[PDB]
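J.: This one is an experimental structure. Sequence first:
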Amino acid sequence: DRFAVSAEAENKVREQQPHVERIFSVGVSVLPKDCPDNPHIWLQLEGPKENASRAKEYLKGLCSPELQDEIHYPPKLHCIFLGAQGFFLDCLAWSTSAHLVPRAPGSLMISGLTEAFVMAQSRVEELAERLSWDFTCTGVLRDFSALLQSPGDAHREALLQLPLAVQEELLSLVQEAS
C-alpha cells in the first residue's frame, strides 16, 4: 500500500526518515514525481503491515499535524523522555504514532493526527498520575533494572529512583512495543 503527502513536506519526510526506520523498523521510499508541478509525492513503506500502518500515521501527522501542543508534567518525570537514549520516547511514538519532542523539564511537545495526539497525551498523563502513587533509592523492579543496564546513561539514576508504579507502566509500554 502507498499514500501521498505534500511535496512541500518532502524535506520533513527525509529529516525524519532515519527515526521512522528506527522506531517502526520500516523502509521509507519516495517515488519520483511524474510532473515537476506535482503538489504531492507518493510514499511507499517497506516492512510488516502493522509497522507500516503506524509509520503512515506518523508520517501523515508529521507532514501536516492536526494537533501540536505542549503537555505539562512534574519535571522529575522528564528523565523518562531523555533516558536510555530516548528508548521510552521511541516506544511511545511507536504505540501512538505521535511525534514527541522533549522541551523544558516537565514539558513535552506532542504532534500528529488528532487520535495520535490524544492517545499520547493520555499515556503521558497516566505516567504522571502514577508518580503520585509513591508510598514513601527506594525500590526497583528486576525487569526495569534490566532495561537500564547501559552505564553511560546520564538519566539512569533519576529513572531508577522513580517509584515502582511509574516503572511498571514503563515496562508495560516497552512490552507493548516489542
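T.: Structure received. Numbers count the residues shown, from 1 in each chain.

J.: what are the ranges of the strands in this structure?
T.: Per DSSP state E, the chain carries strands over the ranges 2-6, 27-30, 40-46, 67-72, 99-102, 107-112.

J.: okay, the angle between the top helix by length along the chain and strand 107-112?
T.: As assigned by DSSP state H, the longest helix anywhere in the chain is helix 114-131. The directions of helix 114-131 and strand 107-112 differ by 150 degrees, with axes from the mean of the first three to the mean of the last three C-alpha atoms, to 10 degrees as the criterion.

J.: count of neighbours near the residue nearest to residue 114 when sequence neighbours are not counted?
T.: Closest residue to residue 114 apart from its sequence neighbours, by C-beta to C-beta, 6 or more residues apart in numbering: residue 66 at 4.5 Å. (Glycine included, C-beta is placed from N, CA and C.) Look at residue 66: counted by other C-beta atoms under 10 Å, it has 13 neighbours.

J.: Repeat that for residue 99.
T.: 22.

J.: Next one: it relative to residue 59, how far apart?
T.: 10 Å (C-beta to C-beta, to the nearest Å).

J.: between those two, what contacts are shared?
T.: residue 16 (C-beta atoms under 8 Å, 6 or more residues apart in numbering).

J.: if we can go back for a sec, need the strands of the chain in JSON lines (columns: distance to residue 136).
T.: Formatted as JSON lines, the strands of the chain follow (distance: least, C-beta to C-beta, whole Å):
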{"stretch": "strand 2-6", "distance to residue 136": "48"}
{"stretch": "strand 27-30", "distance to residue 136": "45"}
{"stretch": "strand 40-46", "distance to residue 136": "46"}
{"stretch": "strand 67-72", "distance to residue 136": "24"}
{"stretch": "strand 99-102", "distance to residue 136": "26"}
{"stretch": "strand 107-112", "distance to residue 136": "25"}
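
J.: Just say which of those is most tucked in.
T.: Among the strands of the chain, ranked by average contacts under mean count of other C-beta atoms under 10 Å, first place goes to strand 107-112 (a mean of 21).

J.: ok, and what's touching that one?
T.: 57-58, 60-62, 65-73, 78, 81, 96-103, 117, 120-121, 124.

J.: Now do the same contact list for residue 38.
T.: residue 7.

J.: go on, residue 43?
T.: 2, 3, 4, 5, 13, 28, 29, 30, 31, 59.

J.: In a markdown table: the residues you listed, plus distance to residue 140.
T.: As requested, the contacts of residue 43 are arranged in a markdown table below (distance: C-beta to C-beta, whole Å):
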| residue | distance to residue 140 |
| --- | --- |
| 2 | 46 |
| 3 | 43 |
| 4 | 47 |
| 5 | 43 |
| 13 | 40 |
| 28 | 38 |
| 29 | 43 |
| 30 | 45 |
| 31 | 49 |
| 59 | 37 |
